[PDB]
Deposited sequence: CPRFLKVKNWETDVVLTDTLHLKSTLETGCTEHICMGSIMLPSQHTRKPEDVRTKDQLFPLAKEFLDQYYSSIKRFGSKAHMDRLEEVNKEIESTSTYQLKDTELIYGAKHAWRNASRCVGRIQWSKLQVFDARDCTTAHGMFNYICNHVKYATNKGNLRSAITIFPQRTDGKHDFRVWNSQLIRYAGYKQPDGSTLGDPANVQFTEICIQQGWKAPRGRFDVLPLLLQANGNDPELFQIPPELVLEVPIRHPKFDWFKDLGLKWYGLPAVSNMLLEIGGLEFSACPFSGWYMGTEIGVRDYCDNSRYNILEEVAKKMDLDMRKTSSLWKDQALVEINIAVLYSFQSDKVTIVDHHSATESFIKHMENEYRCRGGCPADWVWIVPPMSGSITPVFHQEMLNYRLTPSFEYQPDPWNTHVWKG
């Protein structure tokens, strides 16, 4: 079967066949669309078809499908599964699987970059101190003094589910949040619960507005351990505005390296529960979401005050006005400090070219419109006008529950 998507700005029509390869399910049915819902231990039985399907995809991409190397590899994996109940990926297959999980990430606007990903193989890691060292190395390589390079570090896969590797942090670099007795929050409200867990575990909290959290690392299903990233490895940008000289006095800064550490990477039925990955920011992530969500740093009022906008009525668009100035400031600052960042115009235009290329060479590009459209100026970006099809391909990044909700404490 074929499916068409149309761009309503350009009338360009594209044809999807890739959706035929989708296996995992969406949450939607013929009677209900779940497209705006935020959230979407294996047998030998289920494992061999997953491995075969993956290895067939890998062998086709290297133009060796049905070769002797292909056939021998299938047999080698089959034997390993029934003998040891699982299997190990070769290095090339791991690299391919990690890149493809990114290529297949339908909520990712940055996928034009998918084939340029540095893969660090950390499957020989055994302790949390080992994990600390791997993570430091990742951050230093990815940071590259501001010329950010995409990277992923892949700790040992799941075995019985009782020996998981996990990074408890939601991002490798992120700011603490502290709920005060009077009910206000100091620092980042998104991270209060995790900050509380760190303190409980022994972290000496500085209790300021931008304290970089310590790493909380779990190796081999053991209790997690606390480490501090060396400050010299944490690149940060003070935020200032090109015209508004009072902007600096808001005391804002943000870190340069976005590094997601709480997702699960699934490759050929194997589950990599610790797989921190990093790229670079699109400006709106910081200027719109981190700074301006009511439940995050919530700076809109203070900024509009300093801009002396008319705040008596929403219809003066004071929020919209302040929003734009803050976002200009974020891009200005990163650019001035030579730290990689992309604006939402550049990013969405690049995504449309990526998507079209993918339709032509791959037969499709699964994409989640709700997530691809930026959180400001939606319709003056080309993605707003682009119909998209959302489906799930493997290899993939998947959500997993926060580990404090599942961990069996050893004590």
Absent from the model, numbered along the deposited sequence, are 1 to 2, 43 to 51
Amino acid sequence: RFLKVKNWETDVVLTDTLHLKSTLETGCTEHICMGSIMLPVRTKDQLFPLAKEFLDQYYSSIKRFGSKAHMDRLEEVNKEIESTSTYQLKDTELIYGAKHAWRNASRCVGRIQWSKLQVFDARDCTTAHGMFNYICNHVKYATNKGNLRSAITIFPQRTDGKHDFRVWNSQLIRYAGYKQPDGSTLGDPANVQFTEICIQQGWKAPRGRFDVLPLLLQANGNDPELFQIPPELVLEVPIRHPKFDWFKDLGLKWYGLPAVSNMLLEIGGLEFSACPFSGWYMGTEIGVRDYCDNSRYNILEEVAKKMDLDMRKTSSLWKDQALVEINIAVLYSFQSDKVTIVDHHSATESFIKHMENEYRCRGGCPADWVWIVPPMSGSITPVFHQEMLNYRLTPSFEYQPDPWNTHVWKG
From here on, numbers count along this sequence of modelled residues.
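What we label the rigid core is the largest C-alpha set whose atoms superpose within 1.5 Å from one form to the other.
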Going by root mean square C-alpha distance after a core fit, say whether 147 to 155 or 301 to 309 is farther from the shown form in 4 other deposited structures of this protein. 301 to 309
May I ask which stretch, 334 to 342 or 178 to 186, sits farther from the shown form in 4 other deposited structures of this protein once every structure is superposed on the core, judging by RMS CA distance? 178 to 186
Please compare 144 to 152 with 198 to 206 and say which has the higher mean C-alpha temperature factor in the record. 198 to 206
Of 381 to 389 vs 28 to 36, the stretch with the larger average CA B-factor in the entry is 28 to 36
Take the CA temperature factors straight from the PDB entry and tell me which of 282, 307, 125, 95 peaks. 307
Can you pull the Cα B-factors for 321, 104, 191, 261 from the entry and say which is highest? 321
Would you please rank residue 177 by its C-alpha temperature factor against the other modelled residues of its chain and give the third it falls in: lowest, middle or highest? middle
Grab the CA temperature factor for residue 352 from the record and place it in the lowest, middle or highest third of its chain. lowest
Going by what the PDB entry lists, where does residue 137 fall on CA B-factor within its chain: lowest, middle or highest third? lowest
With respect to C-alpha B-factor, does residue 241 fall in the lowest, middle or highest third of the chain as deposited? highest
Looking at the temperature factor on the CA atom of residue 368, which third of the chain's modelled residues does it land in? lowest
